[PDB]
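First, one chain by itself: the form deposited in one PDB entry, in structure tokens.
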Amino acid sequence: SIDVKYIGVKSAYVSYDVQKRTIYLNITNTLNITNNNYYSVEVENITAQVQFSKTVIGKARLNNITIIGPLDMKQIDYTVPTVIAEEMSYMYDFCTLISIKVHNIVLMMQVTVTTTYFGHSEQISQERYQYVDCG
């Protein structure tokens, strides 16, 4: 990345801003902007690139061979009982939340067992989070 910007409200190169209930009288504004941008990003000069994978098996006895990749979830139990017994009561639940395994952003790249790779990998995440808002 080159230019990553997070701005809460207002982003401006030039901002002539006047707010409310304001007197803006007898103003002479002169502005000259000579802006130039030159970009040379991700230039590659490879005369020879070689990726080689070789597997050779000869008169071999293989048994009980197990290969497991990443992210192996096994024998997982969730138990969230919710028992509510009432007896001449006044129940007032305004905003009650029961969240189980809530995912917002899941970015996965090159999650493998055997990988051979060359170059650039980029991940960018921007957000403005707000889970619960009870007024």
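Between two forms, the rigid core is the largest collection of C-alphas that superpose within 1.5 Å. Shifts are known only where both forms have a C-alpha. Residues carry their position along the shown sequence, with the first being 1.
The same protein has a further form, the form deposited in another entry, not shown here; the description that follows concerns it.
- Of the residues checked (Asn26, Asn37, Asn29, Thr47), the rigid-core alignment between the shown form and the other one shows a Cα shift of at least 2 Å for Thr47 alone.
- Once the rigid core is overlaid between the shown form and the other one, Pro70 does not reach a Cα shift of 2 Å, moving by less than that.
- Relative to the superposed rigid core, the position of the CA of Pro81 differs between the shown form and the other one by less than 2 Å.
- The Cα position of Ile98 differs by less than 2 Å between the shown form and the other one after fitting on the rigid core.
- The pair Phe52 and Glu42 approaches in the other entry: their C-alpha atoms are at least 3 Å nearer to each other than in the form depicted.
- In the other entry, the separation between the C-alpha atoms of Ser53 and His120 shrinks by 3 Å or more relative to the displayed form.
- Shifted region between the shown form and the other one (3+ consecutive residues, every CA moving 2 Å or more on the core fit): 45-64 alone.
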